[PDB]
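Trainee: experimental structure and its sequence below.
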Amino acid sequence: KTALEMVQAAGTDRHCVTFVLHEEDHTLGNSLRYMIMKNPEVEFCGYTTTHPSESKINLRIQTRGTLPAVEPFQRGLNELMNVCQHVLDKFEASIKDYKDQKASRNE
Amino acid sequence: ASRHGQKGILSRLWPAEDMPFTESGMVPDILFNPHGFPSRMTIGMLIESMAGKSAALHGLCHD
Amino acid sequence: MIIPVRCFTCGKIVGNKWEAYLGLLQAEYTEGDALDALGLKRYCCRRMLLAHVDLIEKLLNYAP
Amino acid sequence: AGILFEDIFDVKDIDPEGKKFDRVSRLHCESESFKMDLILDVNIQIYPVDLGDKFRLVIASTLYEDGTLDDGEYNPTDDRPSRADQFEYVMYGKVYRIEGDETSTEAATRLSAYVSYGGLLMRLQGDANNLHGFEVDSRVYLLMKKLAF
Amino acid sequence: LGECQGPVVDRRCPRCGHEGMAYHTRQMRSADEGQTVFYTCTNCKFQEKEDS
Ligand SMILES: [Zn+2]
Ligand SMILES: [Zn+2]
């Protein structure tokens, strides 16, 4: 019933793990790939969809300098939430400053 | 098929958000391979494409 | 047969623009101005209403 | 210093064979302090070179100027102040052929050096006394910087 | 009573390496696909075919 699997490199290596994100596509995995690549503790972050008939993405996160790849994945999720909350705030504050000039101009 | 004798078989129904949208806002409707042309030499599908695009943009029907 | 409710390419409701397009062509507009003045700006939306053979006024003649 | 080569060149002709790849210009040159020619491909969007432009050239084995260490792995997150990047245009690729006009002798006085910088090639022909450290499949750097006089 | 085998095209021959071969087209598949081009060299008279 869960919707994230983690597939290690050799059962012991925790730097490379390929996250299998169930019920996603290039909507999330292209913007996660954008955030995790902004982390200088990542040698390699890329994604692929497994097969278009399927509904999951593979996400290879490959960390240099002794970190597990759960930390760039969590940081790239929170660091995308903190993009979208701010985009939501500056969008709900420019719709409001447009309705407050459509109305309060000549009416 | 088309009207220039160029059969296709329907291979994959591609979801709409994945289609290459244009600069006008439009997605396409059928994607056609550029490797169906050079052995078949249907120039008439090129002129029909320009012609039908320019007829749908003007309200004309082209001869 | 009858006008589609949505344009095929992008999902714009063009299915309400068939009577108010016959009404513009009966009132002497050109088809290059009866489609812009209905708000069909993309050439996939114009295509649905310019090249439409409304083949149900010919098919209801065979009625009980 | 791991400097395998260092000289001052002067562009005399740009793409004489006429092949004209996009974003890449071929730069035939001659030298000043040695007696050598040079046939280099650049990237012309980023670092533009026109004919008549002198520029210093350095081929080194390591970029760390504090000792020859030859790491190999590219780390963007680490920057050391002992890089040899006081130059402007820096490439990286390996030497794939060296050839010369030997006649039953070793290392004749006109030796070449063919370096392939990921696809952009190079021919540094000259005396064998100036091309010692070029072994085949040695991964060397290119370092150039435009002079103005 | 009593063609220079066609027009030339600059294609290198497989055997002798001459720069120009003479060609002849012919539509040997069905109408669904293709043409077929028969090349024929000038010097060594070698004949190969392609399916487009
Ligand atoms: Zn449309
Ligand atoms: Zn021949």
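Mentor: That came in fine, so what should we check first? Numbering: from 1, shown residues only, chains lettered A, B, ... in the order given. Ligands and ions are numbered 1, 2, ... in the order given.
Trainee: from here on, just use CA atoms for contacts and neighbour counts.
Mentor: Fine.
Trainee: just grab the bridge partners of the residue positioned nearest the centre of chain E for me.
Mentor: For chain E, the residue nearest the mean C-alpha position is residue E:39 (1.5 Å; Cα atoms, centre = their mean). Beta-bridge partners for residue E:39, by DSSP bridges, are residue E:23, residue E:48.
Trainee: quick one: contacts for it?
Mentor: Each residue near residue E:39 by Cα atoms under 8 Å, 6 or more residues apart in numbering or on different chains is listed here: E:21-24, E:46-49.
Trainee: and the two most separated of these?
Mentor: Farthest-apart pair in these is E:24 and E:46; separation 13.2 Å (Cα to Cα).
Trainee: if we can go back for a sec, among the contacts of residue E:39, which ones are buried?
Mentor: E:21-23 (16 or more other Cα atoms under 10 Å in any protein chain shown).
Trainee: kindly indicate which of those residues lies nearest residue D:109.
Mentor: Nearest to residue D:109 among the buried ones among the contacts of residue E:39, counting by Cα to Cα, is residue E:21 at 44.2 Å.
Trainee: how many neighbours does the residue lying closest to that closest one once chain neighbours are set aside have?
Mentor: When the adjacent residues along the chain are set aside, residue E:21 lies closest to residue E:41, with 4.3 Å between them (Cα to Cα, 6 or more residues apart in numbering or on different chains). Close neighbours of residue E:41, defined as other Cα atoms under 10 Å in any protein chain shown, add up to 25.
Trainee: residue E:41 and residue D:21, how far apart?
Mentor: 32 Å (Cα to Cα, to the nearest Å).
Trainee: looking at chain A, what residue ends up closest to chain E?
Mentor: Chain E sits closest to residue A:52 of chain A, with a gap of 29.7 Å, by Cα to the nearest Cα.
Trainee: re the thing from before, rebuild the contacts of residue E:39 as CSV, extending it with distance to ligand 1.
Mentor: Shown next, in CSV, are those (distance: Cα to the ion, whole Å):
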residue, distance to ligand 1
E:21, 51
E:22, 51
E:23, 48
E:24, 47
E:46, 56
E:47, 53
E:48, 50
E:49, 47
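Trainee: just put the residues you listed in TSV and tack on distance to residue A:92.
Mentor: Listed next are the contacts of residue E:39 as TSV, based on distance: Cα to Cα, whole Å:
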residue	distance to residue A:92
E:21	70
E:22	71
E:23	69
E:24	70
E:46	75
E:47	73
E:48	70
E:49	67
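Trainee: quick check: of these, which lies closest to ligand 2?
Mentor: Distance to ligand 2 across the contacts of residue E:39 (Cα to the ion) is lowest for residue E:46, with 5.5 Å.
Trainee: what sits against that closest one?
Mentor: Applying Cα under 8 Å, 6+ apart to residue E:46 gives the contacts E:13, E:15, E:39-40.
Trainee: and residue E:52, by the same measure?
Mentor: B:38-39, E:34-37.
Trainee: residue A:9 and residue A:43, how far apart?
Mentor: Distance from residue A:9 to residue A:43, by Cα to Cα: 15 Å.
Trainee: give me the phi and psi angles of the residue most central in space within chain A.
Mentor: Centroid-nearest residue in chain A: residue A:32, 2.3 Å away (criterion: Cα atoms, centre = their mean). Reported as degrees, to the nearest 10, the phi and psi values for residue A:32 are phi -60, psi -50.
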